[PDB]
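Below you will find one chain, with nothing else, as structure tokens; this is the form deposited without the DNA, and questions on how it binds or moves follow later.
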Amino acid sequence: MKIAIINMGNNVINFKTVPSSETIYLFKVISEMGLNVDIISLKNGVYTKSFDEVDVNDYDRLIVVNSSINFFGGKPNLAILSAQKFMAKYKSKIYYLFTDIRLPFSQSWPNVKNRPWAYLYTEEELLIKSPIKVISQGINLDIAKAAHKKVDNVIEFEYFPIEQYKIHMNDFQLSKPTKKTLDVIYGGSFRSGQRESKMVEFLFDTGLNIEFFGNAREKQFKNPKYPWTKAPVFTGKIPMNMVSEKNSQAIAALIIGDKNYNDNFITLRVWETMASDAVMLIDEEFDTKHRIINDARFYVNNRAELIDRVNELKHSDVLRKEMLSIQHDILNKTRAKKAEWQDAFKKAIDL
């Protein structure tokens, strides 16, 4: 049993980029599961083999991490093109890891064919005809199915909390008490504006010392529907393996998501935040049934409630420590089900 895992549109090398990091982490957690897996990318490296040095059909299972297939500047993107050529040659079922609602499986050929450089490729080369099974991080498969409505070869859907790899990794550990320099923190990208209203609501004009780290930039928030005066402080992006340490500099860390994530997707930040030294504060709409932690003190409905909660946390060190103790225990509750999680993944990829 040999498994191949690839990222459909991003080069994989190290932990300097998020897509590369997620791919390596998945490779690691699958390996720690007792499975023989290889990461196939553009070049041979510390964690990878190149597309050229291997035969896709030498593998028994092909796993693909979701990604956009958009061509920046309209120019060829070898990460995208090489990955799909690899996939198109595979003669068995493909397992697509759907971790981001905006990145459902999509065919590059329909786009490439109209490009002025189309002559460089053919339909037979890029068109992926193998049947595809979507492994949805979201529990709502109707939403997963609707997202893949344009690709008829995606004929199977199954829910699996992919993002838990963060807590099941053999090297995982909870963050230690950290000196506080911030009131609230949130790390992420602008996600093409899909979450602008929520970002402005909880991170702007709060009167608190808030930091927004990651790819996002202040100038991207210009939608007239979500105006603001005082923005949080934007700092550069950091490696994925340094995220919890970063969250730990703040008294609290925000949990928000895209509209389609509400009561559907549990995201990486949920675990990265819960494991940190920052109290997890969740937007009520993101988890209305409080399935993350059955304690209302971890939830906020709007900007005003977030500010009030942070003031309480700043006022009572006892409250802050209690809540940290609670979220750490709750996280460990899920870690205790590692064996089941591992078995569910194997079942997901027909093992």
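Counting begins at 1, following the sequence as shown. Between two forms, the rigid core is defined as the largest C-alpha subset superposing within 1.5 Å.
- For the cut-off of one third of the other compared entries, residue 161 stays well clear, since all of them model it along with its flanks.
- Residue 188, present in the displayed chain, carries coordinates in each of the other PDB entries compared that cover both sides of it, far from a third leaving it out.
- As listed in the deposited structure, the average C-alpha B-factor of 45-53 and of 294-302 is greater for 45-53.
- The mean C-alpha temperature factor is higher for 55-63 when 55-63 and 306-314 are set side by side.
- When the C-alpha B-factors of 33, 326, 26, 39 are read from the PDB record, the largest value belongs to 33.
- When the C-alpha B factors of 277, 100, 201, 218 are read from the deposited coordinates, the top value falls at 218.
- Per the deposited record, the Cα B-factor of residue 232 falls in the middle third when ranked against the other modelled residues of its chain.
- For residue 71, the recorded CA temperature factor ranks within the highest third of the chain's modelled residues.
- Ranked by C-alpha B-factor against the other modelled residues of its chain, residue 130 falls in the highest third.
- When all modelled residues of the chain are sorted by CA temperature factor, residue 6 is found within the lowest third.
- Residue-level temperature factors show residue 245 in the middle third of its chain, judged at the C-alpha atom.
Omitted from view is the form deposited with the DNA bound, to which the following refers.
- Remark: none of the three candidate residues (177, 241 and 267) comes within 4.5 Å of the DNA in the deposited complex, counting heavy atoms only.
- With the DNA omitted here, the record of contacts in the deposited complex names 69-77 of 85-93, 274-282, 241-249, 69-77, defined by a heavy atom within 4.5 Å.
- The closest non-hydrogen atom of residue 99 lies within 4.5 Å of the DNA in the deposited complex.
- Put simply, residue 17 is close to the DNA in the deposited complex: some heavy atom of it is within 4.5 Å.
- Under a 4.5 angstroms non-hydrogen atom cutoff, the DNA in the deposited complex lacks residue 330 among its neighbouring residues.
- The DNA in the deposited complex is not approached by residue 198, whose heavy atoms all lie more than 4.5 angstroms from it.
- Shown without its partner, this chain lists 150, 225, 129, 230 as candidates; in the deposited complex, only 150 has a non-hydrogen atom within 4.5 angstroms of the DNA.
- The partner is absent here; in the deposited complex, the one residue of 133, 237, 145, 113 having a heavy atom within 4.5 Å of the DNA is 237.
- Contacts between 1-31 and the DNA, taken as any heavy atom within 4.5 Å in the deposited complex, involve 10, 11, 13, 17, 18, 19, 22.
- With the rigid core aligned between this form and the one not shown, the listed residues 130, 235, 111, 77 include just one Cα displaced by at least 2 Å, namely that of 235.
- Taking 2 Å as the criterion, residue 157 does not count as shifted between this form and the one not shown: its C-alpha moves by less than this amount when the rigid core is aligned.
- Fitting the two forms on the rigid core leaves the C-alpha of residue 191 displaced by at least 2 angstroms between this form and the one not shown.
- Core-superposed comparison between this form and the one not shown: the C-alpha position of residue 222 differs by no less than 2 Å.
- Relative to this conformation, an increase of 3 Å or more in the Cα-Cα distance between residue 194 and residue 18 is found in the deposited complex.
- Compared with the form shown, the residue 301-residue 192 C-alpha separation decreases in the deposited complex, the change being 3 Å or greater.
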